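The listed protein sequences correspond, in order, to chains H and W. Adding 2 to a residue's 1-based position in the first sequence gives its number in UniProt numbering. Adding 2 to a residue's 1-based position in the second sequence gives its number in UniProt numbering. We put the CB at the ideal spot given by N, CA and C, even for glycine. Below is one structure, written out as structure tokens, with a few remarks after it.
Number of protein chains: 2
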Amino acid sequence: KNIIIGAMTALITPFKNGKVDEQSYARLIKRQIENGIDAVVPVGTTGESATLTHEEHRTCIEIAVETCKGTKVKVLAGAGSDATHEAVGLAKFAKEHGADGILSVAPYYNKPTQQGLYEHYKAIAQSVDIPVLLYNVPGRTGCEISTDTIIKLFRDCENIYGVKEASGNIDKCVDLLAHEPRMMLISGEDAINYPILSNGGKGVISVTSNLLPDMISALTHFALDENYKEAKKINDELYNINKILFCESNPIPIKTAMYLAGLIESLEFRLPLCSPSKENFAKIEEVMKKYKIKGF
Amino acid sequence: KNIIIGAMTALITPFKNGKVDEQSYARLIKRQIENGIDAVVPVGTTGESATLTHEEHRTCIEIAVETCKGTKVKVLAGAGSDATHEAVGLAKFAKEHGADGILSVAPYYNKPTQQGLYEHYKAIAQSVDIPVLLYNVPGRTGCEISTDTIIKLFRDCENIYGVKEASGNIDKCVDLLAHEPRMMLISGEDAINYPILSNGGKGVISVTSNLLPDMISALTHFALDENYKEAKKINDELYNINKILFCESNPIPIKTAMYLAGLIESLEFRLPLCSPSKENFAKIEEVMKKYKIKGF
Ligand SMILES: NCCCC[C@@](N)(CC[C@](N)(CCCCN)C(=O)O)C(=O)O
Ligand SMILES: [Mg+2]
Ligand SMILES: [Mg+2]
Ligand SMILES: [Mg+2]
Ligand SMILES: [Mg+2]
Ligand SMILES: [Mg+2]
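In structure tokens:
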């Protein structure tokens, strides 16, 4: 299978006066490239995929593709939807506009059955010829792609090569790689990046790497090179920031931290997301002081 | 406050060859009217709001408004979204096209904070002058509108008049009505319609009433008159069908039952929803044989 693995960043989407700040978006991607990241994910959950229009979503994918061209950094485009026809349209767009692969979150809200999830992802994978990474995040979607469904999709659909797991369930990570060791398990939960990698996971799609791309990329590369002592050392050092970035729903804390570090111009969200509480604003700012934050 | 209460139906959306069957849709609404229902909810969760286009969503609202003219039956239009700008657009459409009020599900997937939920619903409520019913269903959205937030919205926004609770939490139902007895608590969980109504709830937005509108209507009107013996008897009789209609994710079982009763011509869903398993198809049919199902 063709694969996209390694240290990857779920890019925040900066806004200016209610619109996507496209110059800021490209500048932040260049900063990821300069700090060892292997791939970027435009317009995942961290990118406020829910509140972008379909046109803005496509613009962000195009910016990522253009900014990474000529570098060895890949674009794994966010393309998920709770409607299969919408996810297929996003998948086809990402393929036609030069993305290296797509990330596709399990349908939120409408709670498909396992049979429905299988048919959903099969429709997506058959619509393109680029790699497709499944994405399980039951705390947000209300459904879980079971281990059996993931493995069947991996074995039945050429392009489906692994899953981004954001479920806090290391038992399921063992289950997945014990029964299908050929798939690419990707960590979608920063605090447990190292445990997922040490069990044979092959990358991360990180929120924290927006702020600390050098540290997340180093953790991942230490682990892939089997230097577990050094990978665990960074995972341990990052625990405090990894947890504080979820003190309110992602991406409210990471955007707050990016603003506090001077990496984006304005702390702007699209409703229903909004600024953190004053208390959480202070906690994020306090935790950040312990870390060296790279500039541009 | 202007209110929409009583026995209400979360309408299924029938499809024919992948398009909304608009003739079937009107016929199903007329059947609800003739069987004692007080209001209909086009394109809620049960109506596959996630997989309709915005244009199809608007078409269904219009069919409902047209079909209810000249009757006592109100149209509480589904207008929720995980993006505030989309929810405001739907609210404004429902207002301008003659809906009596709107239902507005808590944002799914992006997990707004309580502050964000407050700002989301305040924007929606200020965009129209018709009644707004909040809708809480954490199992589907990944978030929940806390009691404090519901009550603050009820007290702060003239047209927010209550909440449809689908959370299986009768303690919260006591909490809501003990601290703000003026609000309209609406059951969004058929199995516990009678317990919610007997604690002072003022209506239901029902899945089961798609199939058994006369029974849900009678249960609700018995309860509203404090004829609790009769209301409980119907709630008890309905328990088996109420539970089997959730043996797979709603609306897969209710659409299956409507098809099994000849009330819709095709057992068609939009992916990622799909037909139930053969075993659940047979289980649904077996439970249906115990109930008296009205025709057209
Ligand atoms: N990634 C950019 C598009 C975002 C669109 C949407 N806000 C809504 C998607 C939708 N399927 C629209 C249905 C419209 C008719 N009700 C949904 O709200 O579920 C989402 O997927 O979260
Ligand atoms: Mg590299
Ligand atoms: Mg996605
Ligand atoms: Mg009227
Ligand atoms: Mg709604
Ligand atoms: Mg009667």
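{"Query": "Secondary structure at W:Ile14, three-state DSSP: helix, strand or coil?", "Result": "coil"}
{"Query": "Can you tell me whether DSSP reads H:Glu167 as helix, strand or coil?", "Result": "strand"}
{"Query": "If you measure beta-carbon to beta-carbon, which residues of the segment 64-86 of chain H are closer than 7 Å to chain W?", "Result": "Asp84, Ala85 and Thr86"}
{"Query": "Taking the alpha carbon of H:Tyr261 as the reference point, which residue from H:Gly297, H:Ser251 and H:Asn242 has its own alpha carbon closest?", "Result": "H:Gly297"}
{"Query": "Does the beta carbon of H:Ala52 fall short of 7 Å from some heavy atom of ligand 1?", "Result": "yes"}
{"Query": "Tell me the DSSP bridge mates of H:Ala9?", "Result": "H:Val206"}
{"Query": "Scan the segment 112-132 of chain H for residues whose Cβ lies nearer than 8 Å to a Cβ of chain W and list them as they occur along the chain.", "Result": "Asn112, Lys113, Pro114, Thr115, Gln117, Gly118, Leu119, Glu121, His122 and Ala125"}
{"Query": "Say whether chain H places a C-beta atom closer than 8 Å to the C-beta of W:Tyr293.", "Result": "no"}
{"Query": "Which word fits H:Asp40, buried or exposed, when buried means at least 16 other C-beta atoms lie within 10 angstroms of its C-beta?", "Result": "buried"}
{"Query": "How would you label W:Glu270, buried or exposed, when you count the other beta carbons within 10 angstroms and need 16 or more for buried?", "Result": "buried"}
{"Query": "Whole alpha helix (DSSP H) runs in the segment 177-229 of chain H with 4 or more residues, listed along the chain?", "Result": "195-200 and 215-226"}
{"Query": "When the Cβ atoms of the segment 267-283 of chain H are set against those of the segment 174-187 of chain W, are three or more pairs found closer than 8 Å?", "Result": "no"}
{"Query": "In angstroms with no decimal places, state the Cα-to-Cα distance between W:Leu199 and W:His59.", "Result": "30 Å"}
{"Query": "Would you say W:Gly205 touches ligand 2, meaning its beta carbon is less than 7 Å from a heavy atom?", "Result": "no"}
{"Query": "When you compare only the Cα positions, how much space is there between H:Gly164 and H:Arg142?", "Result": "20 Å"}
{"Query": "In the DSSP assignment, what residue or residues form a beta bridge with H:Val107?", "Result": "H:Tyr137"}
{"Query": "Determine the direct distance from the alpha carbon of H:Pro253 to that of H:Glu167, and round the result to whole angstroms.", "Result": "17 Å"}
{"Query": "Chain H beta carbons: is any one of them nearer than 8 Å to that of W:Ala284?", "Result": "no"}
{"Query": "For W:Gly190, which of W:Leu178, W:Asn201 and W:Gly170 has the nearest alpha-carbon?", "Result": "W:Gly170"}
{"Query": "With a CB to CB cut of under 8 Å and the five nearest residues on each side skipped, what residues in its chain are close to W:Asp23?", "Result": "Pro16, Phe17, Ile266, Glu267 and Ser268"}
{"Query": "So, W:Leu135 versus W:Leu178, is the Cβ gap smaller than 8 Å?", "Result": "no"}
{"Query": "In the DSSP assignment, what are the bridge partners of W:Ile162?", "Result": "W:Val134"}
{"Query": "Taking the alpha-carbon of H:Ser277 as reference, which of H:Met290, H:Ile256, H:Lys294 and H:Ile295 has the nearest alpha-carbon?", "Result": "H:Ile256"}
{"Query": "Is the distance from the Cβ of H:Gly38 to the Cβ of H:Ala12 below 8 Å?", "Result": "no"}
{"Query": "Could you check the C-alpha separation between W:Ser129 and W:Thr86 for me, to the nearest Å?", "Result": "11 Å"}
{"Query": "Should H:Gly8 be listed as close to ligand 2, given that the test is whether its C-beta is under 7 Å from any heavy atom?", "Result": "yes"}
{"Query": "In chain order, what are the residues with a CB under 6 Å from some non-hydrogen atom of ligand 7?", "Result": "Ligand 7 is absent from the structure shown, which contains only ligand 1, ligand 2, ligand 3, ligand 4, ligand 5 and ligand 6."}
{"Query": "Taking C-beta to C-beta, are H:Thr69 and H:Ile31 nearer than 8 Å?", "Result": "yes"}
{"Query": "Compare the C-alpha of W:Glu64 against each of W:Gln25, W:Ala96 and W:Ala52 and name the closest.", "Result": "W:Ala96"}
{"Query": "Over the uninterrupted alpha helix (DSSP H) stretch that includes W:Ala93, give me the two end residues.", "Result": "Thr86 to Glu98"}
{"Query": "What in chain H is Cβ-close to W:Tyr110, meaning under 7 Å?", "Result": "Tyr110 and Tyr111"}
{"Query": "Going by C-alpha to C-alpha distance, which of H:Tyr196, H:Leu240 and H:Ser279 sits closest to H:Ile295?", "Result": "H:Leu240"}
{"Query": "Would you identify the three-state DSSP class for H:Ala66, choosing helix, strand or coil?", "Result": "helix"}
{"Query": "At 4 residues or longer, and completely inside the segment 225-285 of chain H: list those alpha helix (DSSP H) runs for me, N to C.", "Result": "230-246 and 254-262"}
{"Query": "For W:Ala28 and H:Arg184, what's the separation of their Cα atoms in angstroms?", "Result": "52 Å"}
{"Query": "Just the Cα atoms here: how many angstroms apart are W:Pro215 and W:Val289?", "Result": "17 Å"}
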